[PDB]
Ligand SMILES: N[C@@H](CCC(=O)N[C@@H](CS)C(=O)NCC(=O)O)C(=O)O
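First, one chain by itself: the form deposited without ligand GSH, in structure tokens.
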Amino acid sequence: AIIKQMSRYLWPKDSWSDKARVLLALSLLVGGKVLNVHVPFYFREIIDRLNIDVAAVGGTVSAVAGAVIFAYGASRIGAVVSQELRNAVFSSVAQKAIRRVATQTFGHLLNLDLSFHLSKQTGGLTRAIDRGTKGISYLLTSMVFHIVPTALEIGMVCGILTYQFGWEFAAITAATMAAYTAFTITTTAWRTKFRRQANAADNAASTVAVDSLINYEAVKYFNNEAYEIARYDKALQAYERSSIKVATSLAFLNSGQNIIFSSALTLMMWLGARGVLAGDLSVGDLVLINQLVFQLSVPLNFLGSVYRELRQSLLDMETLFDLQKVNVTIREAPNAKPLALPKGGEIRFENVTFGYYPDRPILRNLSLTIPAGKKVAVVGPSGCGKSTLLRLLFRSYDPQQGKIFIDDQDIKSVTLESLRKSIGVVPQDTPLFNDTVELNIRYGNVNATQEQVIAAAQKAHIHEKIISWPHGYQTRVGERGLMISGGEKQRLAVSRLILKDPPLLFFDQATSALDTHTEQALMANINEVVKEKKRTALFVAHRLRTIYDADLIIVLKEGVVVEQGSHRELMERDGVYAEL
């Protein structure tokens, strides 16, 4: 539809070299088809040059028909070499167009907001990408490999037969192509019913066998061996009764296709003989007619899949080109200002209402002030909604009402890249890229040198543990690697943050780790990396005993700030460590 032009007139036409490769492919397409229809013509030339008074005139091959004997073979070889070079060049063109489409779409997805990414399946987006690019590739590949060469050659052959022999040869060839396509498309739509039935009966027989072998002791406790051999036999028999329909309908397909071409090639042999006996044609022209139409029958193998599979592929591109139209919700403000970094970073929540599912909020007119260069910890019950204090300041969501300020300027005005640069985050659950430990350290600042990586692991106290691993900091870590404990993951995240070196720091639920001792070490280390560097640190933890020592402690009771104090005057509440 419009999707076809959206791809086919945008991605293959971008540069010079790629446009050159497209034109090369198209020239080879037409060149191949021209050589193709020259193979029968040189064949009739050979016939018509040796069909002479042999004993009277012709002396040697290479003087009577050597030129056209060589040109027959050269056109034959060239007509296939041009197809294969056309396919090998347009596969490159297609692959670069899919690479551009996939890399742009993936960049757009990484641009899209957290809200969109949280309402999608884990592999849903990537299978959309992959199926969409297979749809683009299959559609371009079919159009250049199969559909357009075949239509061009039907055009060339009907033109040749109309020029030399009459319109009725082209009428018979076009009616043959129409009948062959109608037959093939229809009956290969019918055959898939049969193939799915046979496949299902195969799985049924297999499952009978599996289920009877798993429950083997029950089979022989109840003496039912003959019963299960009978059930397997019956399921296998119901499988062969559907494999018969698959094979018989394939016989119908193939034999009907060749009945259509053989009826054409005989009718046009009768019509060519009728014109040989009238003096119009020569017996070489019978070979011309026969071989032109036969060569039409050769490239037609693609016709089985095409009408299902292009339709599927068109759907697969539709999904992908709908993904490119999802809008980002958090918008960078026009004429945004990267600012307030040298200013003493203070955070000012004012009257902020925020809530997922906006009818039911979490923060109710919240207002608070984080002083510059200090250490502030907010406290509340687990699930009070303190966990959004991240997402609202880092601007992965927006405040529905109220405003967020850094140094008396709204984050909704500051440049979004500049904003996200300023804050570093220790998340609750540290994610692991399936890569080295070294790269997971590096990911804080990807341009950092190896000595910077080791220094960061030193400052967050990991380097002895990565030495203790077998391969060193080159250890393969992740879901499919060397498993590491939650404490080592948290230290890993701390090292990421240190290597980033941001002015603003969050430590959201770093104390979600089970061990109290490991979190004691973790809190200690994050204190020494906070201290003396004016690193404005916010700690969001569910255990105030872990962070009773903060400069300022702000409590939150269901969307409102209640009081602010020290360890003792706020330990008077519940949740005490008397049971810890």
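One rule holds for the numbers: they count along the sequence shown, beginning at 1. For clarity, a rigid core is taken as the largest C-alpha set superposing within 1.5 Å between two forms.
The protein also exists as the form solved in complex with ligand GSH; that form is not presented, and the subsequent description refers to it.
This chain is drawn without ligand GSH; in the deposited bound form, the residue among 253, 368, 392, 160 with a heavy atom within 4.5 Å of it is 253. Checking 447, 301, 335, 327 for any heavy atom within 4.5 Å of ligand GSH in the deposited bound form turns up a single hit: 301. Heavy atoms within 4.5 Å of ligand GSH in the deposited bound form map, among the stretches 285 to 293, 98 to 106, 189 to 197, 266 to 274, onto 189 to 197 alone.
At a distance of at most 4.5 angstroms from ligand GSH in the deposited bound form, none of the three residues 436, 440 and 500 contributes a non-hydrogen atom. The closest heavy atom approach of residue 150 to ligand GSH in the deposited bound form falls outside 4.5 Å. Shown alone here, residue 308 lies within 4.5 Å of ligand GSH in the deposited bound form, counting heavy atoms only. For residue 133, no non-hydrogen atom is located within 4.5 Å of ligand GSH in the deposited bound form, even though that partner is not displayed.
Among residues of the shown chain, residue 75 is not one whose heavy atoms approach ligand GSH to within 4.5 Å in the deposited bound form.
The residue that stands out in 405, 506, 394, 194 is 194, the single one whose Cα moves by 2 angstroms or more between this form and the one not shown on a rigid core fit. Once both forms are fitted on their rigid core, the CA atom of residue 415 lies less than 2 Å apart between this form and the one not shown. A displacement of less than 2 angstroms separates the C-alpha positions of residue 446 between this form and the one not shown, with the rigid core held in common. With the core superposed, residue 358 shows a C-alpha displacement below 2 Å between this form and the one not shown.
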